[PDB]
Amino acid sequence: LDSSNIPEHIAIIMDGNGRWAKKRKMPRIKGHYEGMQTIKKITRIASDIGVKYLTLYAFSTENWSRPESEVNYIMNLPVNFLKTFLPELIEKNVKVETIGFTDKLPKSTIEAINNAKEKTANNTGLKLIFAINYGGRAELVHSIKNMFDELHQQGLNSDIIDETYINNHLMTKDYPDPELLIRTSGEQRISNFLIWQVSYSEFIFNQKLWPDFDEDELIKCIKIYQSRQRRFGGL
């Protein structure tokens, strides 16, 4: 890797958990258990190579359509993840954050995530950002409702609204846009993830199912990214 060109913000769509379990004739939830564990692997390497922000698509606003047993299992898994891994996150200087409508989560999940946020609030290393009950269209709807009230309450007109003003009212207002979006499993689509923020991101569609995605694969994606030629509409 060119150590002077580590991306600041990698976003990942963690797809293929279900297929990983079905290849092994196991229930879909087993694939989610293993995908939860794989988050720990990827968090370690991203932190050790100096990525600043890692956003993971854990549960979309459309995933409520799935069987309740699967929704409940995914929504409970942060409790298991933090019980075993929070001490290492604190020691590695990682700061835990979320984006999405996290008030809809089980109360025990809200409590475990709030505890992890408070215990890492002053950490200055990798920001590990879980997008949970998150979707780009609903993010924009919410941000638009807030900008409408804010401008009216500040006695302002919509002439102030520009692309920059929108950036600063999104759930991702404190993060740069990702340079790199990775999706595993070989699907080629963004599925409502960060749709405003990925306007000029490089995309990598990695063929491994998420539970098989490991440190070496992350490094291979970064090396591919370092070969891309970004132009932002110019020459």
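Sequential numbering from 1, following the sequence displayed.
128-136 and 157-165 differ in mean CA B-factor, and the higher of the two is recorded for 157-165.
In this entry, the higher average B-factor at the C-alpha atoms falls on 24-32, of the pair 24-32 and 183-191. Between the residues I99, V96, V79, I74, it is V79 that shows the highest Cα B-factor in the PDB record. Among the modelled residues of its chain, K41 has a C-alpha B-factor that falls in the middle third according to the deposited record. In this PDB entry, the Cα temperature factor of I219 sits in the top third of its chain's modelled residues, the highest group. Placement of the Cα temperature factor of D174 within the chain: highest third of the modelled residues, per the deposited record.
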